[PDB]
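Chains as they are written, first to last, in the working numbering: chain Z, 1 to 118; chain P, 1 to 426; chain Y, 1 to 426; chain A, 1 to 428; chain H, 1 to 428.
In what follows, a structure is listed as structure tokens, so that the remarks can point back to it.
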Ligand SMILES: CC(=O)O[C@H]1C(=O)[C@@]2(C)[C@H]([C@H](OC(=O)c3ccccc3)[C@]3(O)C[C@H](OC(=O)[C@H](O)[C@@H](NC(=O)c4ccccc4)c4ccccc4)C(C)=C1C3(C)C)[C@]1(OC(C)=O)CO[C@@H]1C[C@@H]2O
Ligand SMILES: CC(=O)O[C@H]1C(=O)[C@@]2(C)[C@H]([C@H](OC(=O)c3ccccc3)[C@]3(O)C[C@H](OC(=O)[C@H](O)[C@@H](NC(=O)c4ccccc4)c4ccccc4)C(C)=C1C3(C)C)[C@]1(OC(C)=O)CO[C@@H]1C[C@@H]2O
Ligand SMILES: Nc1nc2c(ncn2[C@@H]2O[C@H](COP(=O)(O)OP(=O)(O)OP(=O)(O)O)[C@@H](O)[C@H]2O)c(=O)[nH]1
Ligand SMILES: Nc1nc2c(ncn2[C@@H]2O[C@H](COP(=O)(O)OP(=O)(O)OP(=O)(O)O)[C@@H](O)[C@H]2O)c(=O)[nH]1
Ligand SMILES: Nc1nc2c(ncn2[C@@H]2O[C@H](COP(=O)(O)OP(=O)(O)O)[C@@H](O)[C@H]2O)c(=O)[nH]1
Ligand SMILES: [Mg+2]
Ligand SMILES: [Mg+2]
């Protein structure tokens, strides 16, 4: 079926989790991507500066938003999302999406700043 | 909507050198990159193939892949190498010497990351990519083995683009080494899972086409590739140039493929005629389709009257009327419906390009998928059965560090492919 | 707003000789000091570098420092020494012979007070002091050792000005003496407390830059310094020449330095290409920033993808649009935020100069600070650990009258310098 | 007093290239916008130059490139030139969902700008196809959103329907199944255009043996210009578009009309010619002029709307209606006894400079609702059946987020569609 | 009947280079001072040549060197050419305290000479930025001293605010915190200018893909010329600047207005253009024309001042106000029911010789007070927070004698600033 799983694997391996310092980080994550049964993987971001915070397993139906790996909350409401993100492969960068119903075509997101604790 | 052409091996670098020889001649381009054409058609769609530099210079968005400079040494010292930048001349020392396990698994992978980074340098320089074009041999060691690791990395990088390569099918008559069917065996085991499509080219078929229909005396490989490049250019210029039935290749990949593993195609070229038959033959729309339908115009040694057509693509070039196109398309379906599948009402996809080529008033390009392509694949497998038992010169590939059941897994995956065509055959 | 350029040592006198070769050629100036330029841009900012004499003659506000005439004998006998007044040729006999303790502590200080008075002669002749410029080697005994006393006295005289030097980092491959890492060890122990900033130069890194990207055959030290001087001229001429983002170096020193002791910078130069890629490469703003971003365009042997960027300065040259500048600046931050610090949203400072250089339409100068510069310091320190134990040829420096715990005090200060990068690293 | 023409897909733009060319022919409009006096299809500026109230939809640049670089580009404003960058790849899932969703926020707001320009918005018209990629997927997305925005406006689709014999792409039946449900869910009136019957018209009623998509659409847009602007223009018996919502479909879901037009006269046929009003109406009942390959002889007629041009005498019209009752082979239904709504334009029909259509003095457009249309849907049905039996082509849409149950769902939507038109003919 | 333009910082001169160029365009003024008749921005001598009533502030020679060696240098008087010798090093402390204190004795008395020349001083305007060195530190020093001198005059700042994405210097949030407290302490009205939103305007409403600071400021100064001289010039409904102290800010500390201007028409857009008064006001409510990257949709509107140019019919203005009440997505506050002050100029707007703005027959400036502006200050807040968390960049100001407690003080000044605009939206 439809799956964002290789693209998210292509997203962090070249843009987000690049670097030799992130190589201990991503080796925990690439095995974790093989563990989950969901075809739909979503990356968490604090701001539009593209700083890797966490990873989610969102599905367009009522399946879990549940935090798989990374620093963040466990449960994120659909009110909590602010801006929706995708990944152009050819640019090796992200692009903005207008506000809509989130689904498999969405690749990443950001959330509210008061939800971030100091 | 841009395309990168990754040419590989001793063959496909020589083969695709003829390709850009055509396209630069097609748009009125100087050998050094200057524009001298006269049409906005030759001016608007430069973006798909070429990168505009300073001084009205157009850089071929295309990288030559080899473990040896000598092939590219001939291209750079030859004509049209002066438009190529040295960034595309990626080479090492030494070469694998027609060995799949050396370039793919042990040695070439060091040069692969140097290739892939320049791909990353160029793909970021693009506006928007549409897909990556390739050309090599199936039994080519540096051609396929390097590329089989490349397509594994590129699909890992870019799942969103079309993965097509242009494959040279190993002729049962023409071989220089005996371990040549080993290389095509290990290729298709990764070519099925990693590529979106490919085309089938046999020089053994093209020897008849140059001789039985064109009456040519001494063809070179480039004379064969002079025919190949027109079939290469017939596919993708319709994606570029305007037309009524402007069909994407990604549109074409949907219609030509019912099952995602069945993506091996039979190219064809309709306006094939010699110089003596120029004065005997008129140029009509039914004239080309009769040579579309003929068995002796196919680039692969297969009997299309023996197998059955899965999907057909009808790429046309020139100023044609839609009534004459569609009725002549329909009558072939009316005549030989035994040659087709049962469960599809129209196996033929039409692609009318309003833009004509130069020289001819009309042209056409046949693209088909049939059940007869398993015939060449059984020539691979039945040779592979005897050669596996005696293990002739296996210790070359054994010292490189490969396993015998990996060959059997490649054999079983090839044994899948034999079973795959038969289940939709009848 | 004037600058004095104090060149020292056998190296930095030869190195900075290429610098004034550029600048006198930059402004259309005769080798004997006559003006022949055509722009008011070349006519207005003569004050910052040169001293106007009688007869339209421009005296370089620069002093060559050596314990030997031979290097200045080459400059005075060579081209462009004729513009130098004899007052700037200060020398003695004999030289130290690459010994830090001899020039700094015992012998060279007698010549230092003769230099500093002529510094007081020229700085009082200035209209407004802005900062004093230096260039030497870290392993230069007369280059750094004399200068370590010079920077200590000038900062004691003029705390209000910028103290910068252009230091040659000791390559792990290139050594002529074995006590060469001793000289860089004793330098930085006083360079941190006395200098506001410095730049990092490694000839070992430049050997790759001349060969992998420029394809040069036989590079000299002047061929190395021909690259260095353009990076030298990119910094301070933007303080001189007009522009939209006219950024002072003292403005730059605030933004590039978050912690007062950590002021070691990674210079870079963007329009690097050979003659073959001149006809093949377009000149755009994303073209240069991609070579700003490349690891292989850095003047010091460090992996910037290993460490993380503290601060980035983006000096640009040419007629550019601000939108293309600001977006391309942003997109690097959008891609590789892992390469940055966390506590600053914008680590990149942009410096757009409206004035173009000659020959090229666009040019750029990269200045960065990262955590990866401690890698070369660990190459210094770990060699310094072995060399301190066996005390090889220590009796040369011991007879000069220096203490072993002073070396350890320099070592512990060097050891803390390793820690200060790590505490802001992650 | 104004409406909008919408051109979704490669075809609907290529039709509208002839339509607004005919709309320039409506007043002799110069390619700058100069015309002596009419503001229904146009917006007039202070410079006296008129711009079309049109919508140009494409996800490729290529078809737009012929528009923006050819003639009449001084008439068009690039607000209406809406282009994409990545193709829909002839996909419903990329048409309805994946690719077009990044453009729909631009496209809907372009309409709201142009709807703000209008005073007395009567509705709009959409030109697309049934089996296309953009004209099927994105049309299903666009007509959905416009129904949410403007519920009580006119929603017109003049759609191209594929031939049972001639198809340019294999997924054309495979796309049209999902399109047709959301078409029936939203649209007010949806036409079906088959090129194969038009091929028979060109070779016989014009005797033209070399047609292109230009030569087809010159015929089609001439009909639509008599459909749309001529009902807006002044005549003897003036009907507006809203009464076609009244007196053409007496049903909630019945709005697939069949349109005919049979003055189709070649220039050589012009001198062997003496054609009255009633002689054209007999040609309107001929199988050779139905514009869709069908057999209306076996179809029960529900509604018959007549649209006239030029030389009209209403007493002669009444004899032509009496000619229908006398020559009866039509099997007209008993639910409506004599509902034959007439439209009369005083204006003569126009002749394309460059076309091959002769000058007539009367032009007749006939709308029909007949029961034999579902036989063409029955031809479309087994095309969907055999592909779904093998589950062919399924990975291009399941890979883009479509469900295989939705295929059988829309087939049941297609089946209930075939149940509905059966209920008209069966019940009496 | 007169006022003063003050240009502090590198930017405020570079803006005023276009502004006084547009002020030459106000009367077709020759570069010597020759003009047929107007004395509000100028001083007239016996030679009939006019010099500006302007202030040029720079601590470097460099920006002044382009002024005194370029065009219009015969217009400028060397009294107003005030230059420095040592840079402020992009510092607040060298701007406000250290370096500027030996220049301020010159600068204040230059104003007092020019204030002595005026008869009926209404006030003055200052051009600077928030995060600069000169236009932040010295502006904090200048606006303090001018408030001591002239307490009951107009104090105007049209300030450049840094983008959350694009910042040309790292200390631009680190300088703007100390600036903003003394800004709110002294200034009567302070505008915010974000180049990032203007970048979106040039690439879309003008389709310009190569702008510089020239092309940005020509847009900005065209607005300010309609703000300043046009309200001073005669029209149908004449408003002065003192009523903006009345009818724009009903608060003691609330004066951060948002300014929009949306006739922004490229020359190719101009041939297909019929834009009424109400159609521009809907573009004034668009997010793409707000001049600051913000979302006014989530912001409650306090005051809306409308400033018109050229072709104005007041009955059509009343329909445009009725358009605002009907299209409501605005969440207008309940404290003021209908405070919509109108400004009408009879004069047409001007076109830059050399610019890229087409000729229109009506131009609309809209002032707005919305609550979403503090979210941009909230973006500025955490930029100051993380740098104060690591205590980065502190040693450049500790060495100049600035206290670290003043940073958290001004943060509490920034926090109470964010408390104040929250109190408007929360309370009702
Ligand atoms: C006097 C003259 O013009 O003669 C023709 C010609 O008579 C024939 C024999 C040509 C000729 O082609 C060959 O002889 C041939 C031999 C081996 C492999 C390929 C071609 C011709 O070379 C080929 C050439 O065709 C083209 O140039 C096309 O535009 C073609 N371009 C090239 O192949 C090409 C040639 C040189 C340099 C660069 C490109 C093309 C085809 C498809 C898509 C784009 C371009 C033409 C008209 C001619 C000659 C010279 C004899 C034919 O081929 C083509 C491709 O047109 C062979 O079948 C046709 C029939 C033509 O009548
Ligand atoms: C035919 C022609 O014009 O050729 C060019 C040229 O093609 C190239 C190869 C030049 C050339 O530079 C080198 O080959 C080179 C080698 C080692 C170290 C430094 C330079 C050039 O020498 C350098 C020279 O550049 C300049 O003159 C700049 O103004 C430069 N000035 C000097 O370097 C200089 C040279 C001699 C005497 C005094 C000054 C400069 C750079 C930064 C700031 C101010 C000035 C130019 C245009 C050329 C040649 C001759 C080949 C390049 O360099 C520069 C600095 O422009 C190398 O990368 C660029 C790309 C250029 O295309
Ligand atoms: N009559 C007519 N039919 C046309 C024309 N252009 C295309 N068609 C028909 O349109 C159908 C193909 O649809 P497409 O136009 O390719 O699809 P699309 O909706 O435009 O969108 P994409 O497939 O995503 O490019 C076929 O039945 C063609 O015969 C035209 O100008 N006239
Ligand atoms: N729109 C616009 N912004 C400008 C212009 N010139 C500079 N800026 C902005 O102003 C800020 C930099 O201000 P500076 O000029 O360095 O500040 P200053 O007030 O001159 O003080 P110093 O730092 O001491 O030179 C950045 O946000 C620039 O983008 C201009 O002409 N137009
Ligand atoms: N048609 C054609 N076949 C070629 C060409 N060069 C080599 N071949 C064939 O391809 C095979 C050798 O491929 P090669 O490119 O040398 O393999 P590799 O370089 O080791 O990857 C043999 O069957 C050759 O006959 C060429 O230019 N054209
Ligand atoms: Mg289309
Ligand atoms: Mg300043």
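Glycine is no exception: its CB is placed at the ideal position from the N, C-alpha and C atoms.
May I ask you to check if the CB of residue i is nearer than 7 Å to at least one heavy atom of ligand 6?
i                      : result
residue 168 of chain A : no
residue 100 of chain A : no
Pop quiz: residue i and residue j are said to be a contact at Cβ under 8 Å. What is the actual Cβ separation, rounded to whole angstroms?
i                      : j                      : result
residue 240 of chain P : residue 45 of chain P  : 4 Å
residue 58 of chain A  : residue 13 of chain A  : 6 Å
residue 332 of chain P : residue 289 of chain P : 6 Å
What do you reckon, are the CB atoms on residue i and residue j nearer than 8 Å?
i                      : j                      : result
residue 174 of chain H : residue 387 of chain H : yes
residue 422 of chain H : residue 363 of chain H : no
residue 270 of chain H : residue 358 of chain H : yes
residue 79 of chain H  : residue 99 of chain H  : no
residue 140 of chain A : residue 179 of chain A : yes
residue 82 of chain H  : residue 110 of chain H : yes
residue 310 of chain H : residue 353 of chain H : no
residue 28 of chain P  : residue 67 of chain P  : no
residue 200 of chain Y : residue 146 of chain Y : no
residue 418 of chain P : residue 370 of chain P : no
What do you reckon, is the C-beta of residue i under 7 Å from a heavy atom of ligand 2?
i                      : result
residue 286 of chain H : no
residue 59 of chain Y  : no
Give every residue of the same chain whose Cβ lies closer than 7 Å to the Cβ of residue i, excluding the five residues on either side of it in the sequence, and list them in chain order.
i                      : result
residue 114 of chain A : 4, 53
residue 11 of chain Y  : 136, 137, 140, 143, 168
Grab me the residues of residue i's own chain with a C-beta within less than 8 Å of its C-beta, minus the 5 sequence neighbours each way, in chain order.
i                      : result
residue 151 of chain P : 134, 163, 165, 190, 191, 194, 195
(request) Please list the residues of the stretch 338-368 of chain Y that have a C-beta atom closer than 9 Å to any C-beta atom in chain B, keeping them in chain order. (result) Among the protein chains of the structure shown, namely Z, P, Y, A and H, there is no chain B.
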